[PDB]
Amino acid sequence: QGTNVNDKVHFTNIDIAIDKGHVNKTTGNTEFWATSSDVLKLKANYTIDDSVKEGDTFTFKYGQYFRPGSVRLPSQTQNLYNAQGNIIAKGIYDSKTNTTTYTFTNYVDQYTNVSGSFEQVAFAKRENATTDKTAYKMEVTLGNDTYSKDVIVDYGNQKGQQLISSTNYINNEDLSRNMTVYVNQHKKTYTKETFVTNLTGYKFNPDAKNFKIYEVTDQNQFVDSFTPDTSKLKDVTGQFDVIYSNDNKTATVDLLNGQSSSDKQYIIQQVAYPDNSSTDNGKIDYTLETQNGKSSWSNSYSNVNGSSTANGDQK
């Protein structure tokens, strides 16, 4: 009962593809533009040996640079279906081990000569696949069958920009946007440095204590993937006053923080929660006001479903 049957579930035609992929003007390669709506697609065929029984298990093990999901983190639930639309294997995905463990239903005792296929949306493990225009080996083991493919990733980090942001990830359970903002990558000096975030369709939760400010101590902390390793970083959150306003849709912080000038470099992380469950569409707008003027970077969320919103004053 619970027997591991990795050796009895046989995968063929394993493939990782970039969907849709962006062709690099100069090199001619198709790349994975992770911040331009590309995803990875993992596909395979499989057969199940007849001796497999109800409750037998098998695993999908994903590698260092590869995981299921998209910008949105994968569900803990991962199921496989039959052509009738019924679940035949119930899977639990563990992020810590980057592994899904599937358990067969009674389908495998009710049916013989089973063959199937799947297609799964997949992505870079951003905390490891860190750097723009760099090939990373995307690896997976389905049962005991291994496959790998090199994928060139680009996240578009423009290291000359004084303000640049990206979605780090979307939470699968609450659809919150988990943001990463890079301030001062090019190491200028400022004598005014007001950082404002304005949310459309989202709100901050100040009580959740998830607006975090890290002082960079090494340029290589700014990973191109916008998924820095917050355990390497200097947390200075408590030194700053983050002021909320506009129904928790605006956050303002004086990054000078009582100094007359600063050449400090920052990684800022934030969590923005959709207004309601009818949509997660919206926009997050960043501005940085310095002595030289204002820089801006925005992040828009517009799905293929459409949406609408409205507000008014109750009488």
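One rule holds for the numbers: they count along the sequence shown, beginning at 1.
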Comparing 201-209 with 69-77, the higher average Cα temperature factor in the PDB entry belongs to 201-209
Averaging the C-alpha B factors as listed in the entry, name the stretch that ends up higher: 42-50 or 29-37.
29-37
Of the options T290, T252, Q270, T287, which has the highest CA B factor as deposited?
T290
Based on the PDB record, which member of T112, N168, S176, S117 exhibits the highest Cα temperature factor?
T112
By the entry's values, the third containing the CA B factor of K125 is the lowest
Taking the entry's C-alpha B-factors for this chain, is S225 in the lowest, middle or highest third?
middle
Chain thirds by Cα B factor, record data; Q265 belongs to the lowest
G55: CA B-factor among chain residues, third -> highest
Compare the C-alpha B factor of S307 with those of the other modelled residues in its chain, then answer lowest, middle or highest third.
lowest
